[PDB]
Amino acid sequence: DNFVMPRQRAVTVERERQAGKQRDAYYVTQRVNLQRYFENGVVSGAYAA
Amino acid sequence: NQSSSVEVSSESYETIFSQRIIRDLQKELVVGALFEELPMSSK
């Protein structure tokens, strides 16, 4: 409970028809980040040497 | 954003200020009040 999910907009899909090119571009966008209230609370072990 | 045709005066009109107050973990106090008291009414 020391970490958060700052999110502005969720996962959104968008469809555009570029008829001059005869394609169908698909765009997916979202805005998120990973932050913590305080500067501690994590530990990780690693292999030797 | 400072990129479109129109925008706002300063970053302060792009932020939300919360009154919420947070604190970290505090070391527990144990020895403070485990011994019983002796009332004294003199020097």
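Residues numbered from 1 in each chain as written, not as in the entry; some residues may be left out. Chains lettered and ligands numbered in written order. Part of a larger assembly, values for the part shown. Heavy atoms only, no water.

Regarding how it was determined, this PDB entry cites cryo-EM in its header, along with a resolution of 3.6 Å.

## A closer look at the overall build of chain B
Per the secondary structure count, chain B includes zero helices and zero strands. Judged by the C-alpha coordinates and their principal axes, chain B covers about 80 × 25 × 15 Å. Taken across its 43 residues, chain B has 0% of its residues classed as buried. Each charge sign in chain B was given a centre, from 4 positive and 7 negative side chains, and these centres are 14 Å apart. (Helix = DSSP H or I, 4+ residues; strand = E, 2+ residues; numbered from the N terminus. Buried < 20%, exposed > 50% of the residue type's maximum accessible area, 1.4 Å probe, protein only. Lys, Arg positive; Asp, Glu negative; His and termini not counted. Charge placed at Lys NZ, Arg CZ, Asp CG, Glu CD.)

## Concerning a nonpolar patch on the surface
Residue and element names in this part refer to chain A. A grouping of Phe3, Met5, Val32, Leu34 and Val42 is seen on the molecular surface, where their side chains present a nonpolar patch of about 520 Å² in accessible area. Along the chain, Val32 turns up in the loop between β3 (25-29) and β4 (35-36). Classification of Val32 by relative accessible area gives partly exposed; the value is 39%. (Patch = residues over 30% accessible without salt bridge, like charges linked within 9 Å, V, L, I, M, F, W, Y side chains within 5 Å. Areas by Shrake-Rupley, 256 points an atom, 1.4 Å probe, with all protein chains shown as cover. Salt bridge = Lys/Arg side-chain N within 4 Å of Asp/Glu carboxyl O.)

## Focus: the environment of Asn33 of chain A
Residue and element names in this part refer to chain A. Mapped onto the elements of the fold, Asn33 is located in the loop between β3 and β4. Classification of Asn33 as partly exposed rests on a relative accessible area of 42%. On a C-alpha basis, the gap between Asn33 and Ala49 in space is 33 Å, while along the polypeptide they are 16 residues apart.

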